[PDB]
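First comes one chain, alone, set out as structure tokens in the form deposited in one PDB entry.
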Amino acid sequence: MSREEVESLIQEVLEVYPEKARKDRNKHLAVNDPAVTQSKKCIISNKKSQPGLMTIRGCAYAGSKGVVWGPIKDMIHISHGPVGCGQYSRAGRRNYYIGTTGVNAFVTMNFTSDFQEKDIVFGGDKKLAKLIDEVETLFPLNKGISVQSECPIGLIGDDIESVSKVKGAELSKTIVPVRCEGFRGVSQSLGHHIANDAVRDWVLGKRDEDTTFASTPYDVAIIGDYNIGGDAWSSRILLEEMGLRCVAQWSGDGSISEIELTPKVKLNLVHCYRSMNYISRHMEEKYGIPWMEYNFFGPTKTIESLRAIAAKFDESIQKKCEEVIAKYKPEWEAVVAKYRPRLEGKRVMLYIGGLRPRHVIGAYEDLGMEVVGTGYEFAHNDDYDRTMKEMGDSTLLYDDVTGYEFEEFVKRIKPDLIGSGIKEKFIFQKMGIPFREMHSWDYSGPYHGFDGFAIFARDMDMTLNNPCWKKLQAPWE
């Protein structure tokens, strides 16, 4: 509580910055008021970062290749350009899949054009065509190729669209050019938009005239779940236990055939609104498929989402939903009874990219834990509209927070546990506050659904109550 002291903290943190940076960053920090549903009057987001302030944001290439296109297992993704971008992003995101890597699955592999000075000076369209030929020769079981753009291609004027068209006509193969150069936009969000547009333009409509697929009234498609440590899998089983048939999965453990079959489903269950809202809306306009957002973080949100989803179908689906809820009730009740006493009353500050800073609040509250501060790297204002009603009164909200701001806020608020990325983990561990990686789940999980809830509680308990946190001060100091 104590909104006024939070505003005083905000101003005190702001005092260090220069005039222009001061006034820019003042708009991106806010004190939450749950009654406010219009976050534009309270917080500004989706703007360019201030130079030299150590932001956490990524680039559009990370949004497109790293997030959306990369998880597709049966397609080969060429990081077209210099060698760094593919190397730093190779296998850094735990998008789980089932396949034989190097034969019919290529997710953890780094394909790149390895640009040199001659390619910068004289262009790389011919090199792109030669690379496509070599990929066809060396990986015959591939079912499609994507060409993900890095900065030099956008700067030097290479026409990858024409190369993709000619080579796709030549080899009768799907070649998707993505203009995902890193200087476009201000974060990974424009990467999401560009990848969605590429999916729409080059992949989605390939089976519009095809009617051989047998459809059922219970066909659904999971959109925006990227199977982080198997998360999507732990969701699908629940949906399969409710009696629904999951045809497609965007894009965790995903295949191009599933994306092609997506326009045949009856309902689109969207988990990450921020990354997949474009394609969900496009599918609604073109095929008439309704979509709905759902949350599988924690037993309460999972039950609410399951009942809301079952409400879209007939009575048998609702009965199956009640059966599933009854079956899984004792497990999460036992998890709560075991772990809530060790977690009750602790305070959490969160800072993640665009969906989780508000999605995981319910799971934390299910264990008797309070979120006092939250923020986003690249969310839009509608995300903050959704965030305000789920956060407590007079809690701190931050957009595109700087490292200095984050450290000062943590030092003042003194939370019991911080959830953020790898670029804050060791900073906050050295100050003696427990930290959980909330992008990759600290190489653990999954966290979605009932099975993931137990892992979530176990991980939170193991990190928050670890004895190591009592030892930072030497006995003679």
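Whichever C-alpha set is largest while still superposing within 1.5 Å between the two forms counts as the rigid core. Note that residue numbering follows the sequence shown and begins at 1.
- Of the other entries compared for this protein that flank it with modelled residues, all give atoms for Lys425, so not even a third lack it.
- Of the other compared PDB entries of this protein that include residues on both sides, all give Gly368 atoms, none of them, and so not a third, leaving it without.
Omitted from view is the form deposited in another entry, to which the following refers.
- Put the two forms on the same core and the Cα of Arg57 is off by less than 2 Å between the shown form and the other one.
- With the core held fixed, the Cα of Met438 is displaced between the shown form and the other one by 2 Å or more.
- Relative to this conformation, a decrease of 3 Å or more in the Cα-Cα distance between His439 and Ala454 is found in that other deposited form.
- Note on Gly185 and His439: their C-alpha atoms are more widely spaced in that other deposited form, a change of at least 3 Å from this conformation.
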